[PDB]
Amino acid sequence: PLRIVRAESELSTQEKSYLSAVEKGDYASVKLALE
Amino acid sequence: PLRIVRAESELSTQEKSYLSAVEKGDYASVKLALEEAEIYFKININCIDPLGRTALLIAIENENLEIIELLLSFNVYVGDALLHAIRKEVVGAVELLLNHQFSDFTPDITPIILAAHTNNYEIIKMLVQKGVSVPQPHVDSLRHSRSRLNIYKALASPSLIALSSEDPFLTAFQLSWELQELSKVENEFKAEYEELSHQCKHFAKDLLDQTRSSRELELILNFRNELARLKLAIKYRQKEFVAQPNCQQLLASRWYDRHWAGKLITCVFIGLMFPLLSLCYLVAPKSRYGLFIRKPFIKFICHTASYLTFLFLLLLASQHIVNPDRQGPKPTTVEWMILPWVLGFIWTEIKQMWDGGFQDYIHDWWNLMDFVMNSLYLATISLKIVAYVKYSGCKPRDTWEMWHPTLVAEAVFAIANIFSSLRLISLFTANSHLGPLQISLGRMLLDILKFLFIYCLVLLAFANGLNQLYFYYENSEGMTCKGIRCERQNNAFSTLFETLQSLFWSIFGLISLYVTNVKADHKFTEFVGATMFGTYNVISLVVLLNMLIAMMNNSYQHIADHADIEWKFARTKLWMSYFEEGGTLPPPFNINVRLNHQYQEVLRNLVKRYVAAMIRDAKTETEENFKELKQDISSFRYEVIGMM
Ligand SMILES: Cn1c(=O)n(CCCO)c(=O)c2c1nc(Oc1ccc(/N=N\c3ccccc3)c(OC(F)(F)F)c1)n2Cc1ccc(Cl)cc1
């Protein structure tokens, strides 16, 4: 059989860095992204 | 003794600092070590340590991704680090290792199989997003058996079922069954095949446990007449899927559709008036009194009362009032009101035949206990009808031959009342107190059957010995009776039949001690016979009946661990037989376009909630306290870097 991804989509290519910023924690980048 | 190292070489001196640098985390030092222009520093970057880990293995062990990227940008050896990263479940390193002779992983282990073994939702999702295929399970018997087990161990992971399927319920049922029949045709990894099937039974229960409202639970259990999916789960022996509080409540609501003393009298009152409401089902199946019998609870009471009516007059067929002794008698009054019940039971069995075919129809105990009694009743009818037309005359009963057909018919009729009255215990799976007791009592009974094969050999051996010793002294001179079943027991060990009977009645102490004597002054043979009888008594009563207690006492504890999920399963099986028409008459009076879309939407909601719950539970569990330290350390480091 061929395993596939069912009923799912992709998040983003630029929001991954924004999420990782709050994942690791850095006030500068997190603030800058929102501002 | 003198000890020296066997088959080991020394690596180097310069590389020790390089290994320590990549271990500790000196990012600049490892960059400098790899920084070689037009000449190598004689330092082998792809060197191994006494511990056996490569430079890339040390880095992925310490989670330091920066040195991992530094090493990868210099083209160090790669090809085994991806599997180690997946095994360590470091998600950051997996992506890096993906967008780029001694091994510790079996040559059949693909990265997808190892990821499914680890059971990580993120790693499996990342791997499948690029497109991977799991091989289909169908010389070197060691590798082929292991390869099959690794594919099944990775095909049963809950994450893969929830991530790639069309109906996570059906795949859980089918895979759990084919993993159960594969544990017996492969009886060398049976322990690791039963457990793999066990975890596929709880997945369906957990997926069903995520229901929020009553409407969606009904749609799940009515997918593909009524309760179509529930009947499918009973087929695959899904005990955990059925013994769940929500579906138990749903079934109880249909079943019932008061106090301890306020229920027994109500049941008696309802059962006393069963014929009226049963005739109402034939005269006019309407709401006033014909729809009452349609309630499963009401139907169960009436059938129980009707069967007790048959049992009551069965006790009235042995009252002296109802007939003298005479050859070939016409049946008495009771027999003509007994015949309808026997005919109804035979009719019910024949009706049950059409959906069976000896496939799971004869394995159940209370089907082979009904076939025997029906056969006995038919044989009684045949023998009585044979004796009626070819015999007559009020000859005294003390003159008939021992093989007279009337005697045999009476005997087989008597052997048939013991089996009809022993099926009332099958109705104990409806009481909350007597229910679990019967189920647990019938499970510590295959252990007793295994213990008979030793007693039947000891008995045969001692019977052979005693008969061989005593067969020379048979006598029947001046005695009215002969055997052990009279007042003056004699000829106890003269033949093999009487010897096998004498050693059975000695368990209960019903055989005396003067049966080991002979009509001669041979004290040597009498002493040997007595010693053999005593040796048989010792073996079977203090050595063999104390190991049956000892091994039943240590087998009841396992049965009581899971005894509510089996009693509820049996009770649901009993309940579902009364839900539909085709039997709503006591034995006495016996003669898609959008449903798929809605189901898929509910399935999506259930799968998403289950994924959220599993990731929440796995992430949190002491383990949550580890993340905060790293988070605050990283925040402090970033703050310091920003200030500098
Ligand atoms: C097997 N037998 C026997 O058939 N007859 C009947 C023959 C006469 O009709 C005995 O009379 C007898 C006996 N055995 C005995 O002595 C024992 C008893 C029990 C032992 N052990 N355990 C148990 C365990 C549970 C319950 C009962 C006994 C045991 O253990 C041993 F020493 F290791 F042998 C030895 N006697 C009595 C006797 C007669 C003559 C002498 Cl000189 C000495 C003793």
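Residues numbered from 1 in each chain as written, not as in the entry; some residues may be left out. Chains lettered and ligands numbered in written order. Part of a larger assembly, values for the part shown. Heavy atoms only, no water.

Method of structure determination, per the deposited record: cryo-EM was used for this entry, reaching 3.1 Å resolution.

Chemist: Run through the overall build of chain A, naming residues and quoting values.
Modeler: In terms of regular secondary structure, chain A is built from two helices and zero strands. Structurally, chain A occupies a C-alpha span of about 45 × 15 × 10 Å along its principal axes. Burial status across chain A gives 14% buried among its 35 residues. Surface summary for chain A: the accessible area is close to 3,000 Å², and the carbon and sulfur share equals 56%. Positive and negative side-chain charges in chain A, numbering 5 and 6 respectively, have mean positions lying 8 Å apart. (Helix = DSSP H or I, 4+ residues; strand = E, 2+ residues; numbered from the N terminus. Buried < 20%, exposed > 50% of the residue type's maximum accessible area, 1.4 Å probe, protein only. Areas by Shrake-Rupley, 256 points an atom, 1.4 Å probe, with all protein chains shown as cover. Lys, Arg positive; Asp, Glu negative; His and termini not counted. Charge placed at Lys NZ, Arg CZ, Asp CG, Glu CD.)

Chemist: I'd like to hear about the overall build of chain B, residue by residue, with values.
Modeler: Helix and strand content of chain B: 31 helices and zero strands. In terms of overall dimensions, chain B is more spread out than a globule: its C-alpha atoms have a radius of gyration of 38 Å, far above the 26 Å expected for 644 residues. Here the C-alpha coordinates of chain B stretch approximately 125 × 85 × 50 Å along the principal axes. Taken over 644 residues, chain B has a buried fraction of 37%. With the model as given, the accessible surface of chain B reaches about 41,000 Å², and the carbon-plus-sulfur share is 61%. Positive and negative charge centroids in chain B, built from 62 and 66 side chains respectively, lie 9 Å apart. (Rg over C-alpha atoms; globule rule 2.2 N^0.38 Å.)

Chemist: Pulling in residues and values, what's your account of the packing of helix α23 (residues 434–441) of chain B against helix α29 (residues 564–575) of chain B?
Modeler: Residue and element names in this part refer to chain B. Direction vectors running N to C along α23 and α29 enclose 105°, while the axes themselves pass 9 Å from each other. Judged on the interaxial angle alone, α29 and α23 are roughly perpendicular. Within the contact between the two elements, α23 uses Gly435, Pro436 and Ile439 and α29 uses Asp564, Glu566, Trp567 and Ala570. (Axes fitted to C-alpha atoms, helices over the stretch in contact; angles between N-to-C directions. Parallel < 35°, antiparallel > 145°, perpendicular 65-115°, else oblique. Contact = heavy atoms within 4.5 Å.)

Chemist: Any chance you could break down the UniProt feature "binding site: Ca(2+)" (unreviewed entry) in chain B for me, citing the residues and the numbers?
Modeler: Residues and elements named next belong to chain B. In this structure's numbering, the residues bearing the UniProt feature "binding site: Ca(2+)" (unreviewed entry) are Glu349, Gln352, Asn367 and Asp370. A maximum C-alpha distance of 11.7 Å is found for the annotated residues, which run over 22 residues; spatially they form one tight group. Ignoring sequence-local partners within four residues, the contact set of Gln352 consists of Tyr361 and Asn367. Here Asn367 is to be found in helix α21 (residues 365–389). In this view, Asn367 contacts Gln352 and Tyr361; residues no more than four positions away in its chain are not counted. (UniProt positions renumbered as here; feature names shortened; annotations may be inferred.)

Chemist: Summarise the packing of aromatic side chains; cite the residues concerned and give the values.
Modeler: All names here are of chain B. Here the structure, examined in full by the defined rule, presents 25 aromatic pairs over all chains. Ring plane angle 35° and centroid distance 5.8 Å describe the contact between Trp255 and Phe297, whose orientation is recorded as tilted. A ring pair is formed by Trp255 and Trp575, whose centres lie 5.2 Å apart and whose planes are at 15°; its orientation type is stacked. Given the relative accessible area of 4%, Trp255 is considered buried. Directly above the aromatic system of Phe569 lies the positively charged group of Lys239, at a separation of 5.3 Å from the ring centroid. Taking NZ or CZ as reference, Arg571 lies 4.8 Å from the ring centre of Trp567, over its face. (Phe/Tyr/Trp six-rings, centres within 6.5 Å; stacked < 30°, edge-to-face > 60°. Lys NZ or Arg CZ within 6 Å of the ring centre and 35° of its normal.)

Chemist: Break down the site of the ligand for me, citing the residues and quoting the values.
Modeler: Residue and element names in this part refer to chain B. With respect to spatial proximity, the complete set of residues near the ligand consists of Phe527, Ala530, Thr531, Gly534, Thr535 and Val542. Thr531 places a main-chain nitrogen or oxygen 3.2 Å from an oxygen atom of the ligand. In isolation the ligand has 870 Å² of accessible area, and contact with the protein removes 25% of it. (Near = heavy atom within 4 Å. Polar contact = N/O pair within 3.5 Å; in protein donor to acceptor, adjacent residues only side chain to side chain.)

Chemist: So what's going on with the packing of helix α16 (residues 245–256) of chain B against α29 of chain B? Which residues, and what values?
Modeler: Residue and element names in this part refer to chain B. Packing of α16 against α29 brings their axes to within 11 Å, and their N-to-C directions diverge by 35°. Crossing hand, α16 versus α29: left-handed. For the pair formed by α16 and α29, the contact residues are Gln248, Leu251, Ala252 and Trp255 on the first element and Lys568, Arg571, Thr572 and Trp575 on the second. A per-class count over the contact of α16 with α29 returns four nonpolar, two polar and two charged. (Left-handed = near helix turned anticlockwise from the far one by under 90°. Nonpolar A, V, L, I, M, F, W, Y, C, P; charged D, E, K, R; others polar.)

Chemist: Residues and numbers for the state of the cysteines, please.
Modeler: Residue and element names in this part refer to chain B. Inspection of the entire model under this criterion finds one disulfide over all chains. The disulfide bridge from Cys481 ends at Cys486, spanning 2.0 Å between sulfur atoms. For the disulfide bridge between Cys481 and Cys486, the dihedral angle about the S-S bond is near 75°, and by the sign convention the bridge is right-handed. By relative accessible area, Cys481 is classed as partly exposed at 24%. The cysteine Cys200 is free of any disulfide, with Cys247 supplying the nearest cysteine sulfur at 19 Å. Taking the relative accessible area as the measure of exposure, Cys200 reaches 3% and is therefore buried. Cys280 takes part in no disulfide bond, and the closest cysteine sulfur to it belongs to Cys302, at a distance of 11 Å. (Disulfide = S-S within 2.5 Å.)

Chemist: Got a sec to walk through unusual backbone geometry? Specific residues and values, please.
Modeler: For residues that are not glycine, phi is negative in most cases, and the peptide bond is trans in most cases. All names here are of chain B. Phi at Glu63 is positive, roughly 70°, even though this residue is not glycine. For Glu63, the location among the structural elements is in the loop between α3 (55–61) and α4 (65–73). When its relative accessible area of 39% is taken as the criterion, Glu63 is described as partly exposed. At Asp257, a residue that is not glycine, the phi angle is positive and equals roughly 55°. The residue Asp257 is located in the loop between α16 and α17 (261–272) in this model.

Chemist: Before we move on, could you go through the UniProt feature "transmembrane region" (unreviewed entry) in chain B and cite the residues and values that matter?
Modeler: Here, the residues flagged by UniProt with the feature "transmembrane region" (unreviewed entry) are residues 264–284, 296–317, 336–354, 366–386, 407–428, 448–472, 493–515 and 527–549 of chain B. Across residues 493–515 of chain B, the secondary structure splits into 43% helix and 0% strand, with the terminal C-alpha atoms separated by 8 Å.

Chemist: Got a sec to walk through the environment of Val94 of chain B? Specific residues and values, please.
Modeler: Within the element layout of this structure, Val94 of chain B appears in helix α6 (residues 91–98). The residues contacting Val94 of chain B, other than those within four sequence positions of it, are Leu82, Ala85 and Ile86 of chain B.

Chemist: Now, about the environment of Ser635 of chain B: what can you tell me, with residues and values included?
Modeler: Assignment of secondary structure puts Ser635 of chain B in helix α31 (residues 623–643). Accessibility expressed as a relative area gives 31% for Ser635 of chain B, which makes it partly exposed. Along the chain, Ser635 of chain B and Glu623 of chain B lie 12 residues apart, while their C-alpha atoms are 19 Å from each other. Filtering out sequence-adjacent residues up to four positions away, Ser635 of chain B remains in contact with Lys24 and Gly25 of chain A.

Chemist: Can you break down a nonpolar patch on the surface residue by residue, with the values?
Modeler: Residues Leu264, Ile265, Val268, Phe269, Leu272 and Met273 of chain B make up a contiguous nonpolar surface patch of about 640 Å² in total accessible area. Structurally, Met273 of chain B is set in the loop between α17 and α18 (274–283). (Patch = residues over 30% accessible without salt bridge, like charges linked within 9 Å, V, L, I, M, F, W, Y side chains within 5 Å. Salt bridge = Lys/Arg side-chain N within 4 Å of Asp/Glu carboxyl O.)

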